[PDB]
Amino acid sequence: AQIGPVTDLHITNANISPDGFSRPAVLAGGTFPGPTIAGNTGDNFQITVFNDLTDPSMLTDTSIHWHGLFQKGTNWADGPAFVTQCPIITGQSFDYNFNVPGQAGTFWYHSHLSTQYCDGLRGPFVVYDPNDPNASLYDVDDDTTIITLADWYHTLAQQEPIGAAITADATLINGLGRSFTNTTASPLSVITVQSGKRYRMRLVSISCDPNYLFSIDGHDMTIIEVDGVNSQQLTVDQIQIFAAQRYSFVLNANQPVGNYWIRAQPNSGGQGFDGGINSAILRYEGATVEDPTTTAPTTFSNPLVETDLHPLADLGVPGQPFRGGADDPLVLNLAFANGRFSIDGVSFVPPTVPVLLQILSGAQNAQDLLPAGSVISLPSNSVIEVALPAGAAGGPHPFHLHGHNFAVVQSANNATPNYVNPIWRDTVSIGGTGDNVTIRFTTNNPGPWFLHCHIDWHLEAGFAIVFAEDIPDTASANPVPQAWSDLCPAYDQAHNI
């Protein structure tokens, strides 16, 4: 069952074997993925997170981010460790108490301390719309229509050796899948549909790294939502989904009663589907309980191309219709060398005092904020443009901005900008060498908002900056509860800082 919008959430260690190989993990709600947190648009969420972690190999501190929720007036509840809070220490709990005005769609939650989400603390987060403009396009939308895609590692995140390449050992679809090496015939996930019905499939990438080529043999997929933003209907037969992105698509159960492969091919790790890796099963009611016998095409006829997506609503684009046509036009220099990423020449290393606390204590220019060179001020009530030219090793990099969604004025692999009707989203691939992926948004949400690559191994290696939006208004706009004020003293005492 779904939990929320008011719930406890216990964070524990346990052994799991989602691909037949047992290892310890960091879990929310006792499971991988964690339970779905849900409510309706505008609801008050109060998620009281109980840190019960005891195994130091995966860190006993934690902090949870609610990915894609704007947190307007509640920056303290956003979750990124050392940006908006100190971590919760073991044996303690913390109420993330926030509201979701003006948002409805498919989100997720994850640890936002170090690489801890890779060790298992990840789950879906759905905000339903009782008056959804897409409601008539489908019949079923519930916990059984959520599809998570996850990378899974046999080596613990903190134990990945410095200097060796990191790749996953399995793809998990709804928490199950088979290992790339030493493959055993462990159980595959089954998604069940009834012939003649239409389903709102909520596709969530909870990946720490790979992008997936997602498809369903025999079926096509009509996109209706992108990262929380309702879209015009776009029919595709394959979706390339990057880390942390979400799509809703209508699945019409219009093929013969049977079994069909669900495919999620990562860009690294095991290639293909031998032994049932990278696979799940779409089973119609009344079908034989047996594996599919379907195949993929050699070439997909209608792959998703991001420039084909358009908002359902008339969202437009803020600013003027040319490069640099914004109040605050930025171009970030994104680089990698010698094991570390940098933005504008500075590699992100989390500060001792969280950025929000530094602001509330009176640091009021971004040159005064630590880490030096990693915090950039944005002016209030202004159009911001951020160009993110690709080329840094380890791509394609999916960049994500907290506190906001944004218009994607220029997408990967296409040099033409769109100042008329591009999709809005919150995580975007910046593409390949020579690309100039560019985003725009307006600053109506005071607080420090993280901007980073959502490949968690790259974040850890410094691929991040903080946008301190409207520093002068941050304190008045974000009143903090006593429990939040208690976090840093408790953390610093427990760690002798």
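Note that residue numbering follows the sequence shown and begins at 1. Rigid core: the largest C-alpha set superposing within 1.5 Å between the two forms.
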{"item": "Higher-deviation segment by CA RMS in 8 other deposited structures of this protein, core fitted, 210-218 or 155-163", "value": "155-163"}
{"item": "RMS Cα shift after core superposition in 8 other deposited structures of this protein, winner of 220-228 and 165-173", "value": "165-173"}
{"item": "Greater mean Cα temperature factor according to the PDB record, 280-288 or 417-425", "value": "280-288"}
{"item": "Higher-B stretch (mean Cα B-factor, as the entry records it), 141-149 or 397-405", "value": "141-149"}
{"item": "Candidate residues 210, 391, 177, 79, the one whose C-alpha B factor the record puts highest", "value": "391"}
{"item": "Largest Cα B-factor, entry values, listed residues 83, 204, 264, 166", "value": "166"}
{"item": "Residue 102 - Cα temperature factor, lowest/middle/highest third of chain", "value": "middle"}
{"item": "B-factor third for the C-alpha atom of residue 368 within its chain", "value": "highest"}
{"item": "Ranked C-alpha temperature factor of residue 120 among modelled chain residues, by third", "value": "lowest"}
{"item": "Modelled-residue ranking by C-alpha temperature factor, third containing residue 321", "value": "middle"}
{"item": "B-factor third for the C-alpha atom of residue 448 within its chain", "value": "lowest"}
